[PDB]
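Each chain gets a letter, A, B and so on, in the order its sequence line appears, and its residues count up from 1.
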Protein chains: 2
Amino acid sequence: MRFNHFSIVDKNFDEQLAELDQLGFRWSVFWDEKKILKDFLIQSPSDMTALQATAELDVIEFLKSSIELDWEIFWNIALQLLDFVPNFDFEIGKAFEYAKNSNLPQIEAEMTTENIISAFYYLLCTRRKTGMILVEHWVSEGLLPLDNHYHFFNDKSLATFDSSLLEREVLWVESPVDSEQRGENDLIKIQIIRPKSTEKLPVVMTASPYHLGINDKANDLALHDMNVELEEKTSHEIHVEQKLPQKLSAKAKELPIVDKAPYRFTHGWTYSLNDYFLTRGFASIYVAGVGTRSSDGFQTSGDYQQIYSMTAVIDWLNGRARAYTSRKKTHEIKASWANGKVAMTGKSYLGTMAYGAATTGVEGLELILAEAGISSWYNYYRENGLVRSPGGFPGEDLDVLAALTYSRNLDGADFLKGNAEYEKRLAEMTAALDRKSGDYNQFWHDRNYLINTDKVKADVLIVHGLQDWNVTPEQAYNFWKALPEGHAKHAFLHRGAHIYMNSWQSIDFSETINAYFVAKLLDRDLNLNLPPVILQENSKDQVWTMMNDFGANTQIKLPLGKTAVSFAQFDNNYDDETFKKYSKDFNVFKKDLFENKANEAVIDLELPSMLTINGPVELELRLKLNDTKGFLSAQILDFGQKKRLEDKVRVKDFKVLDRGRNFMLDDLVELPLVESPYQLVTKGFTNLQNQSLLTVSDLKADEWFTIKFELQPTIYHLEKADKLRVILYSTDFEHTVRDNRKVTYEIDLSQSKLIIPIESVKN
Amino acid sequence: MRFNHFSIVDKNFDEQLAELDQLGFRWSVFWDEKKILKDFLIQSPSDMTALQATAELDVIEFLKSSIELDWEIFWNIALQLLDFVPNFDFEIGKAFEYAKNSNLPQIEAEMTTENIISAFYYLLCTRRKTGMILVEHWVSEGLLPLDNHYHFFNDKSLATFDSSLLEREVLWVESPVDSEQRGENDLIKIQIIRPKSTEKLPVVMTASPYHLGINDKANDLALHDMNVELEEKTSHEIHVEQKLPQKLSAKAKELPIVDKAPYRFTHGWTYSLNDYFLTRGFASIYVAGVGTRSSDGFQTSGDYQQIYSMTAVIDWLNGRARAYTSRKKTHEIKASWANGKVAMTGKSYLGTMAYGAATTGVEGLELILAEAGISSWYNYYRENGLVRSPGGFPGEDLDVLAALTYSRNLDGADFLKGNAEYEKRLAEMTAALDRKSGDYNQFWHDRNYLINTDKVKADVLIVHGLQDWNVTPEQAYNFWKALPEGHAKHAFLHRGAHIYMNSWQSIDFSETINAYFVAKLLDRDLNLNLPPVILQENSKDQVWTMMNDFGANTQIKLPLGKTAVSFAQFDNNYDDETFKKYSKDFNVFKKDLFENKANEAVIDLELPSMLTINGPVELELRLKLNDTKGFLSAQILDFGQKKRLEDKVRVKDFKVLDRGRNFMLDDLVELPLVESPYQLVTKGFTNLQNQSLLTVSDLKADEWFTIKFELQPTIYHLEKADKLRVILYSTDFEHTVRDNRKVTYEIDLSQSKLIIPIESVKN
């Protein structure tokens with residue numbers, strides 16, 4: 001196995017001794033090393049009598065013997081404390097080497113009392129085989145009491161807050177939006193989970209429109225039919241201007257103020273990362289926003305009205321907004337328990353709200369941890385003037401999502417009063433989507449946060465899977481690039497798909513975030529020094545590395561032509577039998593597509609030297625077709641039998657992650673390295689009539705022309721022997737419209753090039 | 001969706017009113033029905049303002065209106081309380097019908113105050129769509145306080161015990177066994193989890209050798225090679241006698257007695273069913289037994305020494321055995337908090353310990369809930385004088401399991417002191433297994449609990465999957481049949497494989513067990529009337545029914561011959577290329593086998609009339625082969641495209657099952673009904689030299705002979721149009737040894753019959 005640590009903060013010896021002292025390890029520099037070892041074991045929750053010290057002695061016998069401590073014996077014992085099984089996982093007497101091969105943090109210096117003290121200090125910061133760093137594992141076993149006070153170790157907050165004393169309250173924040181123009185402010189319900197504390201508490205907020213329930217039936221009924229014809233566009237230029245929603249201010253009111261919230265709740269969805277923080281002194285707040293269960297308004301899905309319905313919570317936490325005990329607005333409640341500092345978490349739609357909220361510059365929002373989020377809704381349901389369904393979900397669009405998350409209709413009483421207004425507004429949204437052209441427009445522009453990144457003041461932490469074709473990498477890439485120069489930002493890019501990564505064995509993600517959260521939300525110094533991007537290497541088992549940026553400046557060019565006279569063509573139309581079996585199951589189409597058994601142009605490129613792709617690949621193509629309309633599709637896969645990481649996790653151990661003290665037990669998981677015949681590196685699409693998103697032009701039939709479009713950005717490393725399978729085609733029975741007209745594409749490969757941004761590395 | 005209830009206990013009106021009163025619903029027979037409805041909603045944790053009463057009014061408006069209550073309005077509201085979404089899951093105004101089609105308990109009588117009161121009473125006993133009965137759902141939301149006192153409703157214990165006050169203690173019970181003959185009693189470590197209570201507490205014990213860890217490496221290394229030759233047997237008769245282990249008594253000792261256990265623990269594996277009971281006033285005790293981590297002895301795996309190491313715990317709970325605070329035996333501890341009543345739970349090895357423990361007749365052991373358990377170890381690793389690996393695990397045997405569960409070696413300090421003795425005893429076990437003949441012997445006889453069922457005094461509840469080929473149905477079937485006449489016994493047979501069934505949406509299993517457990521462990525009357533067997537119907541979605549017995553007396557006979565001159569033959573030997581690809585992956589072999597693409601004899605039988613198989617199928621065959629040794633294999637599958645239940649569960653909802661108050665949240669799951677080309681009904685194997693397990697006979701080559709052997713028992717219903725695919729063959733690359741010698745089998749189909757026990761049903 002292999003470990004990777006990014007959460008270990010370097011500390012001086014005096015600092016180390018002081019922190020150890022706080023944990024009950026009161027040592028001095030002139031103590032004997034075996035005495036320090038003995039005290040370390042005795043003061044801990046571990047069972048000394050079960051530990052083996054050497055090939056011939058257990059720990060007790062070793063302590064009684066005259067044999068002196070060396071690094072091998074130290075590691076024999078340390079690995080056992082880290083949950084490794086001696087004689088089976090590792091060889092007693094070769095523990096030092098085993099630790100080295102596992103990439104565990106190790107002190108490499110002479111055996112002295114001072115060096116031994118540091119080895120123990122950092123051992124406490126080290127991940128166990130079962131997913132938790134030693135110190136937290138021991139804390140969960142009783143090392144420290146549950147006193148509901150902050151206790152820090154290596155700049156991390158420990159789980160010293162009693163989860164049995166958590167308060168679960170409900171209240172409505174008065175937002176400055178009127179999504180349905182009723183002439184009143186929309187009240188937004190929020191759920192609060194906070195530990196007991198004698199001091200103001202930071203907040204970890206998750207804005208989830210899914211939180212209070214989902215409407216699957218309405219979702220399936222709104223689903224769009226992909227089996228339609230591709231409409232031709234007229235030469236024209238698209239014009240847009242940015243206009244932010246006007247904040248509505250509620251009048252003055254002399255209402256009485258209550259101390260505690262009268263309404264409470266017990267069950268609710270939670271993000272395991274938020275739970276981890278609850279016992280570490282961080283309250284959680286979940287908001288569903290406008291158009292959701294128990295709240296007012298329409299499900300404006302993505303625009304700034306929804307963003308403001310969420311950020312109102314932050315205003316309330318900072319005493320800049322009003323909250324009531326109920327929707328009757330008879331009593332007001334204040335955030336007397338909060339310090340006003342906030343951090344947003346969650347993936348997908350939740351990460352999307354974090355990006356959006358960040359672009360408002362709201363004070364108090366200190367940082368966002370946006371995972372698999374959307375920075376511009378247009379790219380989630382479209383691509384270069386084309387209708388492009390999210391990976392795995394054909395027929396989906398913003399109106400289908402609106403129907404899914406308009407949870408107000410989940411309550412019969414609410415359905416009765418607001419269903420009419422809802423359908424009216426959903427129909428208006430559906431027409432605004434313009435699935436006919438698939439072009440960018442004002443409606444989409446109002447859901448593009450990239451144009452407001454200049455207002456971002458919060459630190460930005462981005463998490464994104466490089467095999468996530470649902471919420472494409474461009475989403476993270478674009479926000480990353482639009483952020484002003486010198487802005488505090490970091491990205492974690494893994495190889496999974498649309499999944500979380502806070503329960504993995506290969507990286508100390510939660511512990512790293514812990515350090516970052518305490519510094520930003522508790523007003524402390526951030527001693528943690530993280531690189532620009534933390535990347536999980538492809539074709540490697542549990543290997544993580546660091547990069548300087550996402551998107552390199554250097555680039556090499558590979559011609560698609562193998563000769564000076566190389567032409568390639570393929571049809572758009574399939575036989576009616578094959579066309580209908582591809583439309584019924586896009587997975588069979590993908591299989592054939594990848595194996596060159598469908599209408600396509602395949603180019604197998606032998607790689608010159610090893611290289612690391614870092615950024616969006618560009619496709620410069622010279623083609624022609626016998627029609628005045630059409631689009632092009634392209635997929636690039638790492639072709640050939642080889643071990644590669646799957647995009648779906650596998651379980652390592654069940655319920656070994658304790659988010660407190662027998663609180664929300666979680667499983668330890670990890671992406672498996674398995675042999676595959678190939679793997680998708682990146683893909684992209686473009687409407688041949690869209691030279692750019694804003695300009696549509698006429699297309700001339702039977703005439704040669706050249707197009708330049710980028711594919712999804714990514715970071716992928718290839719060896720000099722690997723092969724890149726470039727697939728060019730039209731209809732994609734998973735993303736684009738399915739038009740079966742008789743058209744023929746012809747590509748001049750010798751005039752076609754593949755531009756690839758590569759990590760210079762300065763190897 | 002469809003629900004099935006077996007936990008609802010019938011109660012008189014006076015009883016109903018009294019129980020409702022205890023929940024805070026203080027009603028009288030002369031109250032108006034709308035007033036009762038109003039009080040019911042107001043006194044509950046539900047949100048009245050979100051509920052819809054009619055197609056035009058919400059509940060509040062309905063209460064204010066003059067419209068009277070009828071059964072349709074009642075169900076409109078009841079379905080919402082049961083978590084169904086009005087207007088989407090069901091049609092407002094047609095709620096009564098929807099409830100009927102979902103098989104929900106319904107009162108069918110005139111609308112009166114008395115009938116309305118009963119409808120509410122039983123509504124509280126009814127399962128919600130999300131997996132919990134209404135009353136328990138509301139209790140988890142605060143309907144009743146956490147007072148650590150027993151509260152009963154419809155004969156079920158409610159979750160009124162505070163999980164935050166659970167005590168987790170460790171101690172060692174002095175067993176009466178000396179598995180390694182050291183001249184001392186083996187101390188057995190136990191983990192106790194008990195809620196706070198002012199009265200003696202029943203106990204729910206789980207004997208799990210896996211509990212404290214498993215040794216996967218040792219498991220893989222002990223794995224046996226299946227690619228070996230089949231040895232011929234000599235005519236002889238096997239002789240066995242039953243001899244129980246002599247209980248060793250520890251001498252007297254004047255040790256001081258402590259009040260509370262000094263040793264404690266925090267983390268540990270638990271069975272969700274046991275957790276469910278913790279908050280309902282039932283303590284949990286987990287034991288790993290002899291040869292496990294922190295306990296003395298060898299891993300005797302299955303014999304009565306291991307059984308006694310577990311039952312010693314029950315003796316201690318009843319003041320008949322000594323327990324110490326530590327292995328130093330300096331202080332004694334007594335079970336002052338226990339009432340002495342015990343119930344055993346768990347599946348597989350754990351269910352096996354329950355069967356075994358039951359055959360000892362130990363006082364205090366009131367009942368066992370044995371799931372997928374083994375009643376005789378021989379059948380788990382053998383079948384009719386043949387080595388037959390557990391389904392899915394080729395090469396496994398008792399010694400491989402011993403290596404897996406000898407968890408004492410997981411501690412380095414223990415490895416040092418007892419590894420030598422361990423390997424010595426494991427080698428002795430391996431030789432005793434006699435994989436050469438595969439015959440029954442004394443070693444196996446000492447691990448056969450079926451011969452001691454006359455000593456069973458505890459009620460017996462059996463749970464077993466009819467698609468579990470790991471731990472075959474014969475295990476449950478045999479114990480069921482050996483139980484003395486009139487003995488209290490019940491069986492739940494589902495269609496899953498080696499899985500649990502206490503978190504399903506289609507059956508109220510936990511609630512049924514709740515009622516059974518309180519009556520038996522708390523000395524109360526058992527008013528619950530359960531049928532002999534609760535069976536989940538095949539080829540049906542969420543349908544459960546009841547049967548009078550497992551194994552019918554009636555039987556029909558189907559000839560395998562389609563004509564008077566019908567012969568069939570097949571080889572044993574395959575080409576060396578095919579033989580090695582089948583040995584590397586038995587799944588490809590099974591695929592070919594089922595699709596008649598391997599060396600086999602297939603008989604497609606058209607069924608005359610519909611029928612329900614109930615018991616073991618018998619195969620009377622007349623065959624011959626050119627050899628003096630060999631075995632026969634047979635599999636019978638329900639052939640043909642049709643919707644069938646898979647043997648693996650699918651998730652319905654995440655974390656909706658609360659085992660307390662935000663305690664051990666669990667997912668609601670269910671076996672999915674999907675279309676399949678076929679499905680295995682039953683299979684069996686036999687050594688042609690074994691007329692019976694105890695008599696081995698010589699085999700004559702090129703000579704006709706007839707054999708009669710049974711396949712695995714089961715209950716499967718077939719329609720008159722279904723087809724039974726009977727497959728006869730030799731080598732099974734999943735269960736039996738892989739001998740590729742050149743032999744030819746010939747079967748006389750006209751002299752061969754299929755005897756099938758059928759449920760008379762008296763249709």
Worksheet item: Above 12 or not: heavy atoms from other molecules or residues under 6.0 Å from CZ of B:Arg650?
Response: no
Worksheet entry | Choice from A:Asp658, A:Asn419, A:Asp414 maximising heavy atom contacts with chain B below 4.5 Å | A:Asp658
Item to complete: Answer with side chain, backbone, both or neither: which region of A:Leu57 has an atom nearer than 4.5 Å to a non-hydrogen atom of chain B?
Response: backbone
Fill in: Among A:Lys655, A:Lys217, A:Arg293, residue most engaged with chain B (heavy-atom pairs, under 4.5 Å)
A:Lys217
Worksheet entry | Rounded distance [0.5 Å steps], CD1 in B:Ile92 versus CZ in A:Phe415 | 9.5 Å
Item to complete: Nearest 0.5 Å please: distance from the CG atom of A:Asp411 over to the CG atom of B:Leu51.
Response: 8.0 Å
Discussion item. If I measure from the heavy atoms of chain A, does B:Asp162 come under 4.5 Å with its side chain, its backbone, both, or neither?
Written reply: neither
Worksheet item: Between B:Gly142, B:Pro86, B:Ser140, which has the largest tally of heavy atom pairs under 4.5 Å with chain A?
Response: B:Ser140
Discussion item. Any non-hydrogen side-chain atom of A:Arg168 less than 4.5 Å from a side-chain atom of B:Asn662?
Written reply: yes
Item to complete: Output the distance between atom CG (B:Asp89) and atom CG (A:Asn215), rounded to the nearest 0.5 Å.
Response: 9.0 Å
Worksheet item: Do the non-hydrogen side-chain atoms of A:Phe88 and B:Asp216 ever get within less than 4.5 Å of each other?
Response: no
Worksheet item: Is the number of heavy atoms from other residues, nucleotides or ligands within 6.0 Å of NZ (B:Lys64) greater than 12?
Response: no
Practice prompt. Check whether more than 12 heavy atoms from other residues, nucleotides or ligands sit under 6.0 Å from atom NZ of B:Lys648, and answer yes or no.
Written response: yes
Discussion item. Quick check on B:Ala55 against chain A: is it the side chain, the backbone, both or neither that has a heavy atom closer than 4.5 Å?
Written reply: backbone
Worksheet item: Which atoms form the tightest heavy-atom contact between A:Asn87 and B:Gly412, and what is the distance?
Response: ND2-CA, 4.3 Å
Discussion item. Looking at B:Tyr263, I'd like to know if its OH atom is crowded, meaning that more than 12 non-hydrogen atoms belonging to other residues, nucleotides or ligands lie closer than 6.0 Å.
Written reply: no
Fill in: Shortest non-hydrogen separation from B:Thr54 to A:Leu416 and the atoms involved
O-CD1, 4.2 Å
Worksheet item: More than 12 foreign heavy atoms under 6.0 Å from NZ of B:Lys328: is that the case here?
Response: no
Worksheet item: If you count heavy-atom pairs under 4.5 Å with chain A, which of B:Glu61, B:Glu141, B:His267, B:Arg661 comes out on top?
Response: B:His267
